[PDB]
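In PDB author numbering, the protein residues as written are 3 to 169. Every residue gets a Cβ at the ideal spot worked out from N, C-alpha and C, and that includes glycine. Structure first, commentary second.
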Amino acid sequence: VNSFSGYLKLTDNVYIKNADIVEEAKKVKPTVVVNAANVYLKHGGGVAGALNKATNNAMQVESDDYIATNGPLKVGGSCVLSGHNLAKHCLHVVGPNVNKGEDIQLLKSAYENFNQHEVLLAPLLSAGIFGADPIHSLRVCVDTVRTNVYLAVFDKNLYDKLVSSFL
Ligand SMILES: O=C(c1ncnc2[nH]ccc12)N1CCCC12CCCCC2
Numbered sequence: 003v004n005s006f007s008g009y010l011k012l013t014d015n016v017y018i019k020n021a022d023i024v025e026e027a028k029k030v031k032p033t034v035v036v037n038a039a040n041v042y043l044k045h046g047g048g049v050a051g052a053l054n055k056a057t058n059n060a061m062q063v064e065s066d067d068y069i070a071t072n073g074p075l076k077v078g079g080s081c082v083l084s085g086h087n088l089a090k091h092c093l094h095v096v097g098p099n100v101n102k103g104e105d106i107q108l109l110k111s112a113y114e115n116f117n118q119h120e121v122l123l124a125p126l127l128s129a130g131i132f133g134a135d136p137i138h139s140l141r142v143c144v145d146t147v148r149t150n151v152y153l154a155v156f157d158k159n160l161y162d163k164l165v166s167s168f169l
């Protein structure tokens, strides 16, 4: 039993809710919140900008030190950093950005990072400003992640379309 509330169950291990991941993170305090990161950990907009703003820019300060030490992430890769006031940890995962021409096949590699964590609160990778089809992202998620994932979908219209078209 866990503290996630109001989710629709899609499969054995994947759950979905129309929610603001920032508000869900602050209420739930999950062990892991996933950020929709880029390779430079520049949290300017979309989910990353929202999560970073909610940390009063502490996420960005920590991220800049991470990059200065380690260099950029790989597309499809991840790193674990602090969750600040939102979660125990933040898993920064880089899905491919279609608006940069990155290979959508790397979306599966991106979701594989979730399997290193027993339970996660997450957005749909490569959705939103990353330019992928969210229906496809949900399919890749369901077919790749084996751990327990609670997906927060900000847009109600998109949430209803994801549920109603789910196979
Ligand atoms: O739904 C979300 C989303 N999901 C969870 N937490 C969130 N926080 C802030 C936004 C947000 N996003 C993020 C990028 C674009 C998109 C997907 C595509 C349709 C517009 C909205």
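What does the alpha-carbon distance come out to for the pair residue i and residue j?
{"i": "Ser111", "j": "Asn4", "result": "27 Å"}
{"i": "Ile137", "j": "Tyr68", "result": "32 Å"}
{"i": "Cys143", "j": "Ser84", "result": "24 Å"}
{"i": "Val49", "j": "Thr13", "result": "24 Å"}
{"i": "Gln118", "j": "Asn159", "result": "31 Å"}
{"i": "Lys44", "j": "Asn15", "result": "31 Å"}
{"i": "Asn37", "j": "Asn59", "result": "14 Å"}
{"i": "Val165", "j": "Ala154", "result": "12 Å"}
{"i": "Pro32", "j": "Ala21", "result": "15 Å"}
{"i": "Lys28", "j": "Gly130", "result": "21 Å"}
{"i": "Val96", "j": "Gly79", "result": "6 Å"}
{"i": "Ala56", "j": "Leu88", "result": "8 Å"}
{"i": "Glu120", "j": "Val151", "result": "8 Å"}
{"i": "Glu104", "j": "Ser139", "result": "14 Å"}
{"i": "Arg141", "j": "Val77", "result": "19 Å"}
{"i": "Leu109", "j": "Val30", "result": "27 Å"}
{"i": "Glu114", "j": "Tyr42", "result": "20 Å"}
In the DSSP assignment, what residue or residues form a beta bridge with residue i?
{"i": "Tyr152", "result": "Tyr17, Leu123"}
{"i": "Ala38", "result": "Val95"}
{"i": "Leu10", "result": "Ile18"}
Starting from residue i, follow the beta strand (DSSP E) in both directions and report where the run begins and ends.
{"i": "residue 178", "result": "This structure leaves residue 178 out entirely; the chain is present only between 3 and 169."}
{"i": "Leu108", "result": "Not the beta strand (DSSP E): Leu108 falls in the alpha helix (DSSP H), residues 108-114."}
{"i": "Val82", "result": "80-84"}
Name the two residues that bound the continuous alpha helix (DSSP H) containing residue i.
{"i": "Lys163", "result": "158-166"}
{"i": "residue 176", "result": "The question about residue 176 has no answer, for the chain in this structure spans 3 to 169."}
{"i": "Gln62", "result": "60-72"}
{"i": "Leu53", "result": "48-56"}
{"i": "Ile131", "result": "First-last for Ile131: undefined, no H or E at that position."}
{"i": "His138", "result": "136-146"}
For ligand 3, is there any heavy atom lying closer than 7 Å to the beta carbon of residue i?
{"i": "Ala56", "result": "Ligand 3 is absent from the structure shown, which contains only ligand 1."}
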